[PDB]
Structure formats: C-alpha cells, structure tokens
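Enquirer: Shown below is the structure under consideration.
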Amino acid sequence: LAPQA
Amino acid sequence: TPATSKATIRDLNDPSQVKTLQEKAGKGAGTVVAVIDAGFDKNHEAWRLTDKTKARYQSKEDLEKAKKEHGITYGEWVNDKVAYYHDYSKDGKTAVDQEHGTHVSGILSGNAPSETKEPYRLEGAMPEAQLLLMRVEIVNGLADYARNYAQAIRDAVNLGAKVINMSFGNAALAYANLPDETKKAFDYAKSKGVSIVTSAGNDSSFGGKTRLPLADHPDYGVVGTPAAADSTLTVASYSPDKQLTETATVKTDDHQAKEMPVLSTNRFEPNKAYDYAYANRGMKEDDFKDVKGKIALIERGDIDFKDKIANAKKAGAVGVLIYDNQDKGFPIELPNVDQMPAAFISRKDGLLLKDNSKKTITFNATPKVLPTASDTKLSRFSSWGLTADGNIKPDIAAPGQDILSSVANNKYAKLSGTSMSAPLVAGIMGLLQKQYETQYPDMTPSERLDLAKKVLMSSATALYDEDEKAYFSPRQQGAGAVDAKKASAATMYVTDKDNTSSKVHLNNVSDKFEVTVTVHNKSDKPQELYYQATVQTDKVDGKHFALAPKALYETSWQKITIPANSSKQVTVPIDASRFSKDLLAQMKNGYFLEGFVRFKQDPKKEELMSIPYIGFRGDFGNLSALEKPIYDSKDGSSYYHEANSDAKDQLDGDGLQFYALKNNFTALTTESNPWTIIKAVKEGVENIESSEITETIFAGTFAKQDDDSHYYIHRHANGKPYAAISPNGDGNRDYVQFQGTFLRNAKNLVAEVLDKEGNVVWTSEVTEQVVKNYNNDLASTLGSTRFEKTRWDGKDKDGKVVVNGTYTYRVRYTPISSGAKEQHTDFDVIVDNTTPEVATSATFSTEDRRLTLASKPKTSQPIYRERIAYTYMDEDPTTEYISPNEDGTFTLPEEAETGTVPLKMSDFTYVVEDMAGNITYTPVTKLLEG
Ligand SMILES: [Ca+2]
Ligand code: NA
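Same order as they appear, the protein sequences are chains B and A.
For the first sequence, position 1 matches number 83 in the entry's author numbering, and the numbering has no gaps at all.
Just so we're aligned: the second sequence equals residues 94 to 781, 785 to 972, 974 to 995, 999 to 1030 in the entry's author numbering.
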C-alpha cells in the first residue's frame, strides 16, 4: 500500500 | 489518590470537529453501527461500553431474539460492545487478517480504558455505540464477493445498524456489473434510512501512485465498487495542516530545542541521545563511512527504502532517518527490515539535520500536535473519479494520514488510507442522524438520511491548493472536507436542480453553459446568502496531467434570499470560450470544466456551503478506450513500456520471465516453436534433449539470421506490422491473439476476421467485461491484458483453414458510457500454409568445408531464415547456427568451443523458414546420400 521508494 | 484518567486522542487532536457534534447528539449510547471488513480482533480492550444498561442489546438473549425475528440462523454475540460477529467468507483457505478491520472499527467506535498502555486513549467517533462486525473476503470471484457483502448489508440493517462502514473496494469496477442482489441490498438500506459509507480507494489515478496520466486521456478515474453505488457516501483522504505525531528533538545553531515530526517503524529508545551521520541516498558502502554505532540519515530516492535500511544495518547503524525528496510531502510508513528502527521525516527537517552542527537527536516518548509538512493537502494515494459509468465520486473527504487506532493483539498503530477516512465520516453521519431524530421528527428515516448526506456534503469545506491558488478538483475531493461543527449547525443545504444530490453533473458541455443549484432553507426565518462560482480545469505539465487544479476565473458575487422553510434556484452562467485554444493545445481530446459554487453570509466571512459541478468540454463517452498498438508508436514507447532509444523497432517476447510486468502494450501475440521441438513432437519425445525452447512472442516480430537474442518488428511498405500465420498444427506461428492496454473500461469485446472481399469469415467468443489497465503492478493490475477468447487459429466459421491471402483481424469493443459508439482496432494478418520447397541434394567440398546445395529454396512468403544448425554435447546439449555465404554455399566447421568438441557430419541440419512460420528441416546427411 505505502510507497516502496 | 484516585485512579488515573488519561486524555483521549480527540482531546488533543480533532480535525473534523467531532466534539461539537457529540455535544449536540451524544456519543452513540443505545445505537448500533456495523463494519464490513476483512477481519477483526474481537477481544481488543477498545471494545467496551461505559454503561451497558443503555445498549440496544443488553445480552446474548436480546440478540438471539432479534435474530429469530428476521430468520437469521448464523453469527454470534461476542461481548457487550461487539453484539454480533459473523464471517461471511468461511470457505476461504487463507488465514484471517485482523489488523485492517480492527483499525477501521476503532476509528468508528473505539473506547479504550484509562488502563491502556497508550499515552492517550483511543476514543472513536461513536464510542458508546455497539458494533456488528462482519467479515467478508474474496474467495471465488468478484460476483460471489458482492453477493456475500450484500447479505452482510441486509443482516446489518435488520439487526438495527444505523450506519454501515465499508472500507474496502475493487478499483475501476462498474456499478452496473454488480449482482442484482447487491444492488437491491443498497436500496434496502436506503429505504430503511441506514447510511452506507464507502472508502474512495487508494489507487490515485490511472497509472497509480508513481505515475501521472496522459493529457490525451482525461477519463483517468479509478474509483470502483461498492463506492460507485450512487446511494453510498464515498470518502476521499486528505491531510490536515496539523497532526498528533511522535517527535524528535535536536539542538540547532540558533533555536536551541527544535521538535520535528517523525513516523517510526519499530522503536527508538526514548530520551536517548543518538548520534547521526549523513549517508547520501544510501546506495554505496562509502556513503556509510561514519555510520557505525549511529543513526544513518539518508535521503529518499533511487533505491527502495528496504535497500537503504539494509545497507545501513550492514554498516552497523543502530537506526535510520529517511527524509523526503519532495517538498511538502507526506510521511511514508517505512518497511520493517529485521527490526531495524527507521523513521521518516520531511525534506525541510532532513535538510535541517544535514546542515546542523551538533549531530545528536533524541526521540520523545509523548506524542504531540505539530504542523504537517504537507499543509492542508489531498492524499496522493486517494482514488480519483469519475466512476466507470461517468458518475461523480468521491463525495466528500476526511483525514486519512497516519491515523492512530487499534490493531491486532490489543495493540495500536498508525495507518494511512481512505479506509481510515471513511469510518470517521461514518461516525459523523451516525451522530447527525441521531441529532435529526430530534430536529426533524416528522421526516421518515430515509428522508433524514437523505438530508444528512446533503448537509454533510454542502457544509463540507472546499479545500484550497495554496501552491496552485485553486481549489482541489471535485473529482479528487468531492464536495469538500467534512466538518462536524458546520454540519451540526447547518439549517440550509444546496443540491442540483432536481434535488437529488449535493453535486451537479453537466455531462458534455461547450464553452458556454449554466450551473443551476437549489438552495434549501429549513429554518423558520428567511436567509440571505452571497454566491460565486469558480471555473477551473486540470493543470498540465508537458504531456501529462499534473493531478493538480488550474484556476481559470471566478464569477462575481451575487445575492439570494431564501424564504423560511422553502427553496430557491440560482443559475450561474459560465463562459470559458477565451481559454479553449490554449486548453485544447494541452488536452486535445477535451478537458473538464469544473468548480464549486460557494455560499457565504457575507463575502468577507468564511465559506458556509459549497457544491461542486463537473462538465466535460468535448465528447466524453466516445473517448478512445484502447491504447493504440505498440507497432504504431513512432519512438517505440507506450504508457507502460519504455523503448531502447538506439533500437526503436526491437520488441522482444516473453522469454523466461515468470511475471508479466514487461511489454505491457496493445499488440498481437503468437508463438515461436524451434524446429527441434517440432521434430520431437512428430517423433513422440515425452519430456524434452534440445537447448531451444518454445517462446511466446508478438506477431510481426522476427529474429535476425545472425542471431543476437532479439526480435524486431517488420512492416509492409504501407507501414503495418507484418503479421502472418501458418495454421498447420506445429506450434510455430499458428495463431494470433489480442493483447490490450485499455485506457477505459469496455464491454462486449469480440474479435472477427474479414476476407477483404466483403465477408466475415470467423467470429470469436465474447468477453463481456473489460477493466481499464489502471496500473502495472502485481499488487493491483498489470498494464495490459491477454484475451484468450480472441485467439484465431486460422480457421473459419465451419472449422476449415482459410485460403492463402491477407485478412483483416478486427477487434471490437464499446465504452461503458451511455450511448457510446462501438470502437475497433484492425490488424492485417496474412495466412499462408505453403511448405518451403528446399533442395534435396547437396555436394560437399572436402577442401574448404563448403556445402553446395542443388537448388535455391522456393517459398510463398519471403524467406525468414536459411540456416544450418548443429547440436553438440557441452558439459552433458547446445545448438548453434550457420548463415549462408554470399555464393550460396555453407561453410561447416569441424569443432565448437564450450573446452573444444569435434563435429561430425551427422550433426548438421538444413533448416528453411518463411515469414509465416512454414519450415522444413532436413539432415545434411540425407542431402549427401541423395
Ligand atoms: Ca505453423
Ligand atoms: Na461542500
């Protein structure tokens, strides 16, 4: 869900 | 000393002003609310009532009586707070996740006691209501999923729920495709005055959170179902300008103590003075030179967070501070890498720490309310409208960044998402419905619900983008940010001309149009208001929508007096003709003309009401649903596929990839089958022996005779791709199959073949529902879709192979929009089954190892490859190829490096292939002995 980068 | 009484989170941070509404309408005692989600911790300390004697269900016996009344023979009482639990998806093999549903439920109705380990008590919006907890999860398809939560809705209504929160959804799905049972459940809830609140979704726009959609393609909404149902209240996520946050403290050069927000994964030691060191973006080991024993301070960018965190641990860091590379960004929850403490901070705070002298930082144990780096700003992840059918969603916005609530195993955590926004609005809706039972007692429940939704949307505050100097688009924020104080105080609301909703849909517009709204006054005295409309569109950066608003102009303030207990219409003329040239230069297929009609008691006072309007300057229903074929791209690129600039015609196939994240574009697929595998299936080899494999490739692509591991597009003189099949059952270029990158949803996708003489010779089975390719990610959807129903094997209606010639492979599909014309994309496909006529005799020259053929090959389609293979055993079986010399002969070698192994004459095979895949293979021995 959250940005990985 | 009496027992310690802790403050609640809302006592310190209440961005939506829930306390004002609670002062008017209570905290939920005697009321029941329902949460439909994926799983719950039913034993959480947050599930408690202050006075169970006021509850609707005082015991398991009261609940079973209600069940018997409605014929419900499943589900159970749990405790005084959780009056009902049922799992509607028990046939699922996967384990139950309890985090997300517990978190949502805590926002709606958590009621943690002062005995909690937390510094501040979680007290949800309706902390004294009882909960019905309903588990639903996908098990056997999306239709069955909808049938299951339709039953949960109906059970919730019949067990007395006043509001139902659904913090889940599936992106881009159309309302019309829901089962009738599901549509009837929504209507049943509305007929009983039961509110249903849905999350907008966390899918940003078409392309996802790492991309911007293309300015040529304005229908970039990704809101799905259940949110797309008109009767629900769909909630987007934004960040307020302040938030209760954990903090860290640093001594600066000219401000002594300086507190900054941190968002931590795992735990730093509170009140411990850590040292830190700058480590660039954490990409090289040299970055972590002075990091041993300290906190690595790392800038966002280039590599993944988990990579930066692991690299810091490798160099002996005790923790990680990662600061944003965006200005006014949002806190991002960092991944847990082997328990490593890691905190995210803003760019301003990161740059401050970088240039700070005393590089020592201390984490504080008590959270406090600090300004947010983002200021008031809509969440980047929040799903944009419009719905598949083109209706206006979301409806409203609520805080959804880093919300602290209950999770599994009696714990608490912060989470971001529209799933956190929705239960806050659900709680506000429930309390406003309670207020209206006293304020409007002669209405029915359904009339009170309809009023509450209109007041919530009207009284919501249109959020303003300070950087762009315009209001955030209604397709992103709906009717504004919810405000429980304004909503509780409201005696007026505003709707469209037909009194159906607090939003105005204008469908297609020209540059001149009118916005008509009705102002409803429910008070005993006449009221005078000033109104004005904003006129705005999308901001555009180069070829992309910026996902930001562009102000065009605002109308002049006008006046209206609404008599008591009555309503009046007003009409605002809009004329954007002077902008059309510049806007059409940016958005050539049309653009939205949208805004808000804003109402005030006096032009210098604060906004009292606001209603959004949306129109499309163009023909929205007939926007192209399909991205043009990759073959028609000048630079070789597409939305999800970047080309090799030094080779724009290169187009490699699937290869040995496991996932299909590469090559997502519109094209035709086929298969390449080497001659060795064709032979092994003629002879009957069980499990294949050879070094070559069958590969899925794109039609119209061909390797070079001097193999280099790449395929390339070939085209006719006119420019179309050279697509050709040889339907002879050998698996080499036998078929074509449609692969599509859909920019919009579509229905009734079907492939047909035309003989270019005026007849349809074949028609595929129909694919009824097509969903837009709104991302290119395994966690959501891939950037293109392969449609197996469109596979054409070269046969006709009756089942006979069609004759040699060129045909039209036609793919038809229709957009979801009402009255949309059918669209289609055509491919020229050659059929040719003519076997190559190769030479049957050959003489060999022992002097120079040159093999002379008796005749040159004869093929119907142009020659693809003339080669001589040789298979040798290398460390147990490789196969390489030889190209013909310029005089026609082939030079055969005597060995082959691996070591070095000799080559017998029995190892060579003459292989001839045409551009349709027709192939002949003959051992060179049979050529010599003949
Ligand atoms: Ca074939
Ligand atoms: Na509003």
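Ideal Cβ placement from N, Cα and C applies to all residues, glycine included.
For residue 550 (chain A), which three-state DSSP category applies?
Expert: Along the second sequence, one-based indexing puts residue 550 (chain A) at 457. The answer is helix: DSSP assigns residue 550 (chain A) an H, G or I state.
Enquirer: Sorted by chain position, which residues of the same chain lie with C-beta nearer than 7 Å to residue 882 (chain A)'s C-beta, five sequence neighbours on each side aside?
Expert: Translated into the one-based positions of the second sequence, residue 882 (chain A) becomes position 786. Only 762, 833 and 835 meet the Cβ criterion.
Enquirer: Less than 8 Å between C-beta atoms, sequence neighbours within five positions excluded: which residues of the same chain meet that for residue 784 (chain A)?
Expert: In the structure shown, chain A runs from 781 directly to 785, leaving residue 784 (chain A) without coordinates.
Enquirer: Where does residue 842 (chain A) sit, in a helix, a strand or coil, going by DSSP?
Expert: Within the second sequence, residue 842 (chain A) is the residue found at index 746, counting from 1. It is a strand residue.
Enquirer: Using only the alpha-carbon positions, how far apart do residue 658 (chain A) and residue 609 (chain A) sit?
Expert: As a position in the second sequence, residue 658 (chain A) is number 565, starting the count at 1. As a position in the second sequence, residue 609 (chain A) is number 516, starting the count at 1. Residue 658 (chain A) and residue 609 (chain A): Cα-Cα distance of roughly 20 Å.
Enquirer: When you measure from the CB of residue 782 (chain A) to every non-hydrogen atom of ligand 1, does any distance come out below 6 Å?
Expert: Because residue 782 (chain A) lies between 781 and 785, and chain A jumps straight from the first to the second, it has no atoms in this structure.
Enquirer: At the level of alpha carbons, what is the spacing between residue 932 (chain A) and residue 1011 (chain A)?
Expert: For the purposes of this step, residue 932 (chain A) is identified with residue 836 of the second sequence, where counting begins at 1. For the purposes of this step, residue 1011 (chain A) is identified with residue 911 of the second sequence, where counting begins at 1. Between residue 932 (chain A) and residue 1011 (chain A), the C-alpha separation is close to 10 Å.
Enquirer: Out of A:108, A:203, A:306 and A:367, point me to the one whose CA is closest to residue 733 (chain A)'s CA.
Expert: Taking the second sequence and counting its residues from 1, one reaches residue 733 (chain A) at position 640. Residue A:306 is the option with its Cα nearest to residue 733 (chain A).
Enquirer: Would you kindly work out how many angstroms separate the C-alpha atoms of residue 643 (chain A) and residue 225 (chain A), rounded to a whole number?
Expert: Your numbering for residue 643 (chain A) matches position 550 in the second sequence. Your numbering for residue 225 (chain A) matches position 132 in the second sequence. Going from the Cα of residue 643 (chain A) to the Cα of residue 225 (chain A) covers about 44 Å.
Enquirer: Just to confirm the assignment, what range does the beta strand (DSSP E) spanning residue 404 (chain A) have?
Expert: Taking the first residue of the second sequence as 1, we reach residue 404 (chain A) at position 311. Note, residue 404 (chain A): premise wrong, no beta strand (DSSP E); alpha helix (DSSP H) at 398–407.
Enquirer: Per DSSP, which one or two residues make a beta bridge with residue 1012 (chain A)?
Expert: Counting from one through the second sequence, the residue named residue 1012 (chain A) turns up at place 912. Residue 1012 (chain A) is bridged to A:962 and A:1020.
Enquirer: Mind listing the chain B neighbours of residue 510 (chain A)? Cutoff is C-beta to C-beta under 8 Å, in chain order.
Expert: Indexing the second sequence from 1 puts residue 510 (chain A) at position 417. Those are 83, listed as they occur along chain B.
Enquirer: Between the Cα of residue 117 (chain A) and those of A:637, A:641, A:379 and A:582, spot the shortest distance and give me the residue it belongs to.
Expert: In the second sequence, residue 117 (chain A) corresponds to position 24, counting from 1. The option with the nearest alpha carbon to residue 117 (chain A) is A:582.
Enquirer: With a CB to CB cut of under 8 Å and the five nearest residues on each side skipped, what residues in its chain are close to residue 752 (chain A)?
Expert: Taking the second sequence and counting its residues from 1, the one referred to as residue 752 (chain A) is at position 659. If we look at residue 752 (chain A) and ignore the five residues flanking it on each side, its Cβ neighbours are 874.
Enquirer: Helix or strand or just coil, what does DSSP make of residue 662 (chain A)?
Expert: Taking the second sequence and counting its residues from 1, the one referred to as residue 662 (chain A) is at position 569. Note: residue 662 (chain A) maps to strand in three-state DSSP.
Enquirer: Considering Cα atoms alone, identify which of A:866, A:749 and A:816 is closest to residue 839 (chain A).
Expert: Within the second sequence, the letter at position 743 stands for residue 839 (chain A). Of the candidates A:866, A:749 and A:816, the one whose C-alpha sits nearest the C-alpha of residue 839 (chain A) is A:866.
Enquirer: Just mark residue 543 (chain A) as buried or exposed, buried being the case when its beta carbon has 16 or more other beta carbons within 10 Å.
Expert: Reading the second sequence from its first residue, position 450 is the one you call residue 543 (chain A). So residue 543 (chain A) counts as buried.
Enquirer: Taking residue 187 (chain A) as the reference, which of A:152, A:132, A:163 and A:146 has the closest Cα?
Expert: Locating residue 187 (chain A) in the second sequence gives position 94, counting from the first residue. The residue with the shortest Cα to Cα distance from residue 187 (chain A) is A:132.
Enquirer: Looking at residue 370 (chain A): is its Cβ nearer than 7 Å to the Cβ of residue 383 (chain A)?
Expert: Indexing the second sequence from 1 puts residue 370 (chain A) at position 277. Indexing the second sequence from 1 puts residue 383 (chain A) at position 290. Against a cut-off of 7 Å, the Cβ pair of residue 383 (chain A) and residue 370 (chain A) comes out as a contact.
Enquirer: Could you tell me which residues DSSP pairs with residue 213 (chain A) in its beta bridges?
Expert: Looking up residue 213 (chain A) in the second sequence gives position 120. Per DSSP, none; premise fails for residue 213 (chain A).
Enquirer: So is the beta-carbon of residue 875 (chain A) under 6 Å away from any non-hydrogen atom of ligand 2?
Expert: Taking the first residue of the second sequence as 1, we reach residue 875 (chain A) at position 779. No, Cβ of residue 875 (chain A) sits at least 6 Å from all heavy atoms of ligand 2.
Enquirer: Since I believe residue 412 (chain A) is in contact with residue 391 (chain A) (beta carbons under 8 Å), could you give me their beta-carbon distance rounded to a whole number of angstroms?
Expert: Here residue 391 (chain A) refers to the residue found at position 298 when the second sequence is read from its first residue. Here residue 412 (chain A) refers to the residue found at position 319 when the second sequence is read from its first residue. Their Cβ separation, rounded to whole angstroms, is 11 Å, which puts residue 391 (chain A) and residue 412 (chain A) out of contact at 8 Å.
Enquirer: Where does the unbroken beta strand (DSSP E) through residue 996 (chain A) begin, and where does it stop?
Expert: Residues lacking coordinates in chain A include everything strictly between 995 and 999, among them residue 996 (chain A).
Enquirer: For residue 1019 (chain A), which option in A:993, A:119 and A:824 has the closest C-alpha, if you only look at C-alpha atoms?
Expert: To locate residue 1019 (chain A), count along the second sequence from 1; it is residue 919. It is A:824 whose Cα lies nearest to the Cα of residue 1019 (chain A).
Enquirer: I believe residue 351 (chain A) touches residue 342 (chain A) by the beta-carbon criterion, under 8 Å. Please report the beta-carbon distance rounded to the nearest angstrom.
Expert: Counted from its first residue, the second sequence places residue 351 (chain A) at position 258. Counted from its first residue, the second sequence places residue 342 (chain A) at position 249. Contact holds; Cβ gap of about 7 Å.
Enquirer: Touch check for the stretch 475–493 of chain A and the stretch 251–259 of chain A: three-plus C-beta pairs under 8 Å?
Expert: At 8 Å Cβ cutoff, the stretches do not touch.
Enquirer: Quick check: is the beta carbon of residue 972 (chain A) nearer than 7 Å to any beta carbon in chain B?
Expert: The residue given as residue 972 (chain A) occupies position 876 in the second sequence. No, residue 972 (chain A) lies away from the interface with chain B (no Cβ there is under 7 Å from its Cβ).
Enquirer: Of all Cβ atoms in chain B, is any one closer than 7 Å to the Cβ of residue 735 (chain A)?
Expert: On the second sequence, position 642 is the one that residue 735 (chain A) refers to. No, residue 735 (chain A) lies away from the interface with chain B (no Cβ there is under 7 Å from its Cβ).
Enquirer: What does a CB cutoff of less than 7 Å around residue 1005 (chain A) pick up in its chain, not counting 5 residues either side in sequence?
Expert: Sequence index remark: in the second sequence, residue 1005 (chain A) carries index 905 (1-based). Same-chain partners within the cutoff: 1024 and 1025.
Enquirer: Measuring only the C-alpha atoms, how far is residue 279 (chain A) from residue 287 (chain A)?
Expert: The residue labelled residue 279 (chain A) in the question sits at position 186 within the second sequence. The residue labelled residue 287 (chain A) in the question sits at position 194 within the second sequence. So the two alpha carbons sit approximately 9 Å from each other.
Enquirer: Under 8 Å by Cβ, that's how I've got residue 331 (chain A) and residue 453 (chain A) pegged, so tell me the actual separation to the nearest angstrom.
Expert: Residue 331 (chain A) sits at position 238 when you count from the first residue of the second sequence. Residue 453 (chain A) sits at position 360 when you count from the first residue of the second sequence. Not quite, the Cβ-Cβ distance comes to about 35 Å (not below 8 Å), so this is no contact.
Enquirer: With C-beta atoms as the reference, is residue 470 (chain A) less than 7 Å away from residue 478 (chain A)?
Expert: Working through the second sequence from its first residue, we reach residue 470 (chain A) at position 377. Working through the second sequence from its first residue, we reach residue 478 (chain A) at position 385. No, they are not a contact pair.
Enquirer: CA-CA distance, residue 623 (chain A) and residue 703 (chain A)?
Expert: Residue numbering aside, residue 623 (chain A) sits at position 530 when the second sequence is read from its first letter. Residue numbering aside, residue 703 (chain A) sits at position 610 when the second sequence is read from its first letter. Cα to Cα, residue 623 (chain A) sits roughly 12 Å from residue 703 (chain A).
Enquirer: Using a Cβ cut-off of 9 Å, pull out every chain B residue sitting near residue 302 (chain A), in sequence order please.
Expert: One-based indexing of the second sequence puts residue 302 (chain A) at position 209. Those within 9 Å of residue 302 (chain A) in chain B are 85.
Enquirer: Taking the C-alpha atoms as reference points, what is the distance between residue 815 (chain A) and residue 270 (chain A)?
Expert: The count along the second sequence starts at 1 and reaches residue 815 (chain A) at position 719. The count along the second sequence starts at 1 and reaches residue 270 (chain A) at position 177. Cα to Cα, the separation comes out at about 39 Å.
Enquirer: Quick check: does the Cβ of residue 703 (chain A) come within less than 6 Å of any heavy atom belonging to ligand 2?
Expert: Your numbering for residue 703 (chain A) matches position 610 in the second sequence. Yes, the Cβ of residue 703 (chain A) comes within 6 Å of a heavy atom of ligand 2.
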